[PDB]
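Data block below; observations after.
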Protein chains: 2
Amino acid sequence: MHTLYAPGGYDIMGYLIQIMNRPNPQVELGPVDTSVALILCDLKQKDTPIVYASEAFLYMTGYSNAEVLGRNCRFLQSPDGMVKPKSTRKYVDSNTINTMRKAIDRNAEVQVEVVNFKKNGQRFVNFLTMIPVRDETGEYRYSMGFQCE
Amino acid sequence: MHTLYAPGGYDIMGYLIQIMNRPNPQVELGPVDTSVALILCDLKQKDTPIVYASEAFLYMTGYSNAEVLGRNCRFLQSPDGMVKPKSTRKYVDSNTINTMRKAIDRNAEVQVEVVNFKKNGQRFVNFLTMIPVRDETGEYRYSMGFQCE
Ligand SMILES: Cc1cc2nc3c(=O)[nH]c(=O)nc-3n(C[C@H](O)[C@H](O)[C@H](O)COP(=O)(O)OP(=O)(O)OC[C@H]3O[C@@H](n4cnc5c(N)ncnc54)[C@H](O)[C@@H]3O)c2cc1C
Ligand SMILES: Cc1cc2nc3c(=O)[nH]c(=O)nc-3n(C[C@H](O)[C@H](O)[C@H](O)COP(=O)(O)OP(=O)(O)OC[C@H]3O[C@@H](n4cnc5c(N)ncnc54)[C@H](O)[C@@H]3O)c2cc1C
């Protein structure tokens, strides 16, 4: 991976407002702010890399910014943080992974429960919600994910 | 992260998020963003002056930024934009104006229908909502108002 990051950073607040104001929500999220566990991934870079992670997400997972930025979030699916693309997970429901994959590919909102592992290997069930986000061009460019232990 | 500050150093997006995430809302406002008519007033300044006005507000009222900034919003209660504090308004219901005054003084959310006048003297009913906003200190410092014709 050789992910690039927006100089100036990301409009996380604007995107949260965009999400809460979206016209046809397929999943209710309730109010959200920058204090919750969240991450932003770039749909237009190789393998949809994490380009922003909230402090609550880092705290929840036990990983640092340096350890999560630039990677696809699937690494949480293994206690050793080693998950190759297209691989058959050995601790995660395959249908669940396919559900996430198809939704992200179609810019469709999705909510699932997925088995994840913290840096120290602690297993937990992550209640995940992913909502596509439009940038200044008005087209879907990012995906904002919300995590819940 | 990109915090867009609106022309004075005001974190308008941050405040909108704060409002949508407030724990004990006394009035429903539903999702809001910067595309609507809104203004931010400074509670720690003499006569709670407007320090920020959205373009939607300026458009709706017909007044310019130079004409609204630094003034108390009560000027909208007169077709000539001339309203002296404590004065008995001719065209506005006093129990209304008083309701606003007390709510604002108590940092209490309020929602009312008040007669206002655009710069050209055009009269209109303003469905107004005012919500107190906490700054970085955690204490109420501003009030954000949402106008609807
Ligand atoms: C903003 C955002 C946040 C995210 N946050 C998290 C997070 O916190 N935790 C997390 O675990 N993931 C997270 N994800 C998900 C992760 O990044 C991947 O999107 C997810 O693992 C699915 O895509 P994939 O590329 O891994 O799919 P693949 O690697 O292609 O794997 C798909 C799996 O499904 C199976 N499969 C495929 N097609 C079928 C079929 N037709 N029938 C049956 N089985 C099939 C395969 O055998 C395979 O093992 C997040 C994604 C985004 C965009
Ligand atoms: C963020 C924000 C946005 C706002 N946006 C708007 C807007 O878009 N349009 C608008 O019109 N206003 C708006 N306001 C309201 C305006 O700025 C004033 O707060 C409002 O006019 C009341 O305060 P005042 O200082 O004018 O009160 P005063 O000048 O003191 O007037 C109160 C009136 O009520 C009467 N009154 C007082 N006490 C009593 C009593 N006990 N019994 C009977 N009558 C009584 C008086 O006779 C008097 O005329 C906004 C305020 C804020 C903080």
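Residue names in the structure tokens use chain letters A, B, ... in the order shown, residue numbers from 1 in each chain, and ligand numbers from 1 in the order shown.
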Polymer residues at most 10 Å from residue 40 in chain B, only C-alpha atoms, same-chain spacing of 3 or more positions, as a VMD selection string: chain B and resid 10 12 15 43 48 to 54 69 130 to 133 142 to 146
Residues of chain B at most 8 Å from chain A: nearest atom pair and distance in Å, only C-alpha atoms, as JSON lines:
{"residue": "B:1", "atom": "CA", "partner": "A:9", "partner_atom": "CA", "distance": 4.1}
{"residue": "B:2", "atom": "CA", "partner": "A:11", "partner_atom": "CA", "distance": 4.9}
{"residue": "B:3", "atom": "CA", "partner": "A:11", "partner_atom": "CA", "distance": 6.7}
{"residue": "B:4", "atom": "CA", "partner": "A:11", "partner_atom": "CA", "distance": 7.9}
{"residue": "B:13", "atom": "CA", "partner": "A:13", "partner_atom": "CA", "distance": 6.4}
{"residue": "B:14", "atom": "CA", "partner": "A:13", "partner_atom": "CA", "distance": 6.6}
{"residue": "B:16", "atom": "CA", "partner": "A:17", "partner_atom": "CA", "distance": 7.8}
{"residue": "B:17", "atom": "CA", "partner": "A:33", "partner_atom": "CA", "distance": 6.3}
{"residue": "B:18", "atom": "CA", "partner": "A:33", "partner_atom": "CA", "distance": 7.7}
{"residue": "B:20", "atom": "CA", "partner": "A:31", "partner_atom": "CA", "distance": 6.3}
{"residue": "B:21", "atom": "CA", "partner": "A:31", "partner_atom": "CA", "distance": 5.3}
{"residue": "B:31", "atom": "CA", "partner": "A:21", "partner_atom": "CA", "distance": 5.1}
{"residue": "B:32", "atom": "CA", "partner": "A:21", "partner_atom": "CA", "distance": 6.6}
{"residue": "B:33", "atom": "CA", "partner": "A:17", "partner_atom": "CA", "distance": 6.4}
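Secondary structure of range 60-134 of chain A, helix (DSSP H, G or I) only (DSSP, backbone atoms): residues 60, 61, 65, 66, 67, 68, 73, 74, 75, 76, 77, 94, 95, 96, 97, 98, 99, 100, 101, 102, 103, 104, 105 and 106 of chain A.
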Polymer residues at most 12 Å from range 60-68 of chain B, only C-alpha atoms, same-chain spacing of 6 or more positions, as an MDAnalysis selection string: chainID B and resid 7 36:41 49:54 74:81 116:126 146:149
After fitting chain B to chain A over every Cα pair taken in order, the RMSD: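 The fitted C-alpha deviation between chain A and chain B is 4.7 Å.
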In range 27-147 of chain B, DSSP strand (DSSP E) residues written as a ChimeraX atom specification: /B:37-42,50-53,110-117,123-134,140-147
N, CA and C atoms of the current selection, written as a CSV table (one decimal), in the first residue's frame:
chain,number,residue,atom,x,y,z
B,37,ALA,N,-30.8,29.1,6.7
B,37,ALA,CA,-30.6,30.4,7.2
B,37,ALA,C,-30.3,30.3,8.7
B,38,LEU,N,-29.1,30.8,9.1
B,38,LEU,CA,-28.7,30.7,10.5
B,38,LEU,C,-27.8,31.9,10.9
B,39,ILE,N,-27.7,32.2,12.2
B,39,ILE,CA,-26.9,33.2,12.6
B,39,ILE,C,-26.3,32.8,14.0
B,40,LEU,N,-25.1,33.3,14.3
B,40,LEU,CA,-24.5,33.0,15.6
B,40,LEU,C,-24.3,34.4,16.3
B,41,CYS,N,-24.8,34.4,17.6
B,41,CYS,CA,-24.6,35.7,18.4
B,41,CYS,C,-23.7,35.4,19.6
B,42,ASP,N,-23.0,36.5,20.0
B,42,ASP,CA,-22.1,36.3,21.1
B,42,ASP,C,-22.8,36.8,22.4
B,50,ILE,N,-24.7,39.9,16.6
B,50,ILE,CA,-24.5,38.8,15.6
B,50,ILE,C,-23.1,38.8,15.2
B,51,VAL,N,-22.4,37.7,15.3
B,51,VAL,CA,-21.0,37.6,14.9
B,51,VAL,C,-20.8,36.8,13.6
B,52,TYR,N,-21.8,36.1,13.2
B,52,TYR,CA,-21.8,35.3,12.0
B,52,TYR,C,-23.2,35.2,11.4
B,53,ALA,N,-23.4,35.3,10.1
B,53,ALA,CA,-24.7,35.2,9.4
B,53,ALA,C,-24.4,34.3,8.2
B,110,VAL,N,-35.6,27.9,22.7
B,110,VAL,CA,-36.9,28.4,22.4
B,110,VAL,C,-37.2,28.4,20.9
B,111,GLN,N,-38.5,28.4,20.6
B,111,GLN,CA,-38.9,28.3,19.2
B,111,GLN,C,-40.2,29.1,19.1
B,112,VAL,N,-40.2,30.2,18.3
B,112,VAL,CA,-41.4,31.0,18.1
B,112,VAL,C,-41.6,31.5,16.7
B,113,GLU,N,-42.8,32.1,16.5
B,113,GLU,CA,-43.2,32.6,15.2
B,113,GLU,C,-43.3,34.1,15.4
B,114,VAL,N,-42.4,34.8,14.8
B,114,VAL,CA,-42.3,36.3,15.0
B,114,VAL,C,-42.4,37.0,13.7
B,115,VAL,N,-43.1,38.2,13.7
B,115,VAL,CA,-43.2,39.0,12.5
B,115,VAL,C,-41.9,39.8,12.3
B,116,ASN,N,-41.4,39.6,11.1
B,116,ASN,CA,-40.1,40.3,10.7
B,116,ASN,C,-40.3,41.0,9.4
B,117,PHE,N,-39.3,41.8,9.0
B,117,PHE,CA,-39.4,42.6,7.8
B,117,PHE,C,-38.1,42.5,7.0
B,123,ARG,N,-42.9,42.2,4.7
B,123,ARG,CA,-43.2,41.5,5.9
B,123,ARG,C,-43.3,40.0,5.7
B,124,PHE,N,-42.9,39.2,6.8
B,124,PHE,CA,-43.0,37.8,6.7
B,124,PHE,C,-43.0,37.2,8.1
B,125,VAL,N,-43.6,36.0,8.2
B,125,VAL,CA,-43.6,35.3,9.5
B,125,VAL,C,-42.3,34.5,9.6
B,126,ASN,N,-41.5,34.7,10.7
B,126,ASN,CA,-40.3,34.0,10.9
B,126,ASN,C,-40.4,32.9,11.9
B,127,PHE,N,-40.3,31.6,11.5
B,127,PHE,CA,-40.4,30.5,12.4
B,127,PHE,C,-38.9,30.4,12.9
B,128,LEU,N,-38.7,31.0,14.1
B,128,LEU,CA,-37.4,31.1,14.7
B,128,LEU,C,-37.0,30.1,15.8
B,129,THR,N,-35.8,29.5,15.8
B,129,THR,CA,-35.4,28.6,16.8
B,129,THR,C,-34.0,29.1,17.3
B,130,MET,N,-33.8,29.2,18.6
B,130,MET,CA,-32.6,29.7,19.2
B,130,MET,C,-32.1,28.6,20.2
B,131,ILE,N,-30.8,28.2,20.0
B,131,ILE,CA,-30.2,27.2,20.8
B,131,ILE,C,-28.9,27.6,21.3
B,132,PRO,N,-28.7,27.6,22.7
B,132,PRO,CA,-27.5,28.0,23.3
B,132,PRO,C,-26.3,27.1,22.9
B,133,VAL,N,-25.1,27.6,22.7
B,133,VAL,CA,-24.0,26.8,22.3
B,133,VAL,C,-22.8,27.0,23.2
B,134,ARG,N,-22.2,25.9,23.6
B,134,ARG,CA,-21.0,25.9,24.5
B,134,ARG,C,-19.7,26.0,23.6
B,140,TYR,N,-21.8,27.9,28.0
B,140,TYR,CA,-22.5,28.6,27.0
B,140,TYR,C,-21.9,30.0,26.7
B,141,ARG,N,-21.5,30.2,25.4
B,141,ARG,CA,-20.9,31.4,25.0
B,141,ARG,C,-21.7,32.0,23.9
B,142,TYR,N,-22.3,31.2,23.0
B,142,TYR,CA,-23.0,31.7,21.9
B,142,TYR,C,-24.4,31.2,21.8
B,143,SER,N,-25.2,31.7,20.9
B,143,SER,CA,-26.6,31.3,20.7
B,143,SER,C,-26.7,31.2,19.1
B,144,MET,N,-27.2,30.0,18.7
B,144,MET,CA,-27.3,29.9,17.2
B,144,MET,C,-28.8,30.0,16.9
B,145,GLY,N,-29.2,30.8,16.0
B,145,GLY,CA,-30.5,31.0,15.6
B,145,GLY,C,-30.8,30.4,14.2
B,146,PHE,N,-31.9,29.8,14.0
B,146,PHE,CA,-32.3,29.2,12.7
B,146,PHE,C,-33.6,29.9,12.3
B,147,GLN,N,-33.5,30.6,11.1
B,147,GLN,CA,-34.7,31.3,10.6
B,147,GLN,C,-35.4,30.5,9.4
Between CA of residue 90 in chain A and atom 45 (C, counted along the ligand's line) of ligand 1 - distance in Å to one decimal: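 It comes out at 13.3 Å.
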Coordinates-based distance that separates CA of residue 72 in chain B from atom 15 (C, counted along the ligand's line) of ligand 2 (Å, one decimal):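 The value is 7.2 Å.
For the atom pair formed by atom 45 (C, counted along the ligand's line) of ligand 2 and CA of residue 95 in chain B, the distance is 5.9 Å, given to one decimal.
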